[PDB]
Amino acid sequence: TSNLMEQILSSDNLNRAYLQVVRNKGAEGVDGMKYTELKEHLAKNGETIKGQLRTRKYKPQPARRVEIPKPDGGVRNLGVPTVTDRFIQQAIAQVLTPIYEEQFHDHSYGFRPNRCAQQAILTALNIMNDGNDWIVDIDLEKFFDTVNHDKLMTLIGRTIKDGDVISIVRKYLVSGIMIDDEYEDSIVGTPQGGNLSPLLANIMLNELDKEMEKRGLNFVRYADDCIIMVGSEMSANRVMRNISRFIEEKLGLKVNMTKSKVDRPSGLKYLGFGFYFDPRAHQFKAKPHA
């Protein structure tokens, strides 16, 4: 992974990145450029953009902060990169994703190819129905509002040795990329925050998956939303204290001690799903909660 930049900037990879970003649709960035204007924009400035990326002279535009009304009356915050930056981010992620997919845990389902929130629900249900119905529900503060940039780029540097890639990735951190949490409202759609930041979140949170796997804990995780499932409150209280302490001391993330809870499946809301026990089928099941 010494010279990944030319792979990212290859004719095939950029052509695939353009087509994918056009298919993604999504709202506009601060420049107001819609997805239909990207082809003409790249036909005129594409080579200039490639040259700036090669020399670390490309200036990413700041993400546009938008407020999207939620179906429960509330509002959610979203940062929308320009369609040019979403194009570049997709080009970077097309190269970084195959590298990091072999590292990732099978119970991580957020923003990964061929994975979705419904799989996380069914996997959690199978674990609950095995007798692990004491839920350690650790609530984390927003990942990109709390993650340390230098700590995140250092961890990425353990796998990615191309300095030019490290540079452009860091510049996108400061641009304000974040995690589109539309999935929490049970809405199925294409995320609008670009295709780089969720991978960056999975890289850091993969450290939590590895720690939980070493401790033999059963879990599922979707982006920064994880639940751990154990067989008793005794083990649930111990896991709650050990994992939260690991998240803050080793990962540098922030645990919301007010929203975090030890619970049973009946009172659990996860990824927009509610859980209930079916006495006819003799099993816990899930469905979208109101």
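Note that residue numbering follows the sequence shown and begins at 1.
Enquirer: Tell me which stretch has the larger mean Cα B-factor in this entry, 75 to 83 or 107 to 115.
Expert: On average, C-alpha B-factors are higher across 75 to 83.
Enquirer: State which stretch shows the higher mean Cα B factor in the entry: 219 to 227 or 233 to 241.
Expert: Taking the mean B-factor of the alpha carbons in each, 233 to 241 is higher.
Enquirer: Pick out which of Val262, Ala27, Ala63, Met257 has the highest C-alpha B-factor in the PDB entry.
Expert: The record points to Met257.
Enquirer: According to the PDB entry, is the CA B factor of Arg280 in the bottom, middle or top third of its chain, that is, lowest, middle or highest?
Expert: For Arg280, the deposited C-alpha B-factor lands in the highest third.
Enquirer: Split the chain's modelled residues into thirds by Cα B-factor; is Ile179 in the lowest, middle or highest one?
Expert: According to the entry, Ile179 has a C-alpha B-factor in the chain's lowest third.
Enquirer: What third of the chain does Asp133 rank in for C-alpha temperature factor, lowest, middle or highest?
Expert: Answer is lowest: the recorded C-alpha B-factor places it there.
Enquirer: Tell me, lowest, middle or highest third: where does the Cα B factor of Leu4 rank within its chain?
Expert: As the PDB entry reports it, the C-alpha B-factor of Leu4 lands in the highest third of its chain.
Enquirer: So where's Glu101 on the chain's Cα temperature factor ranking, which third?
Expert: CA B-factor rank for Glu101: middle third.
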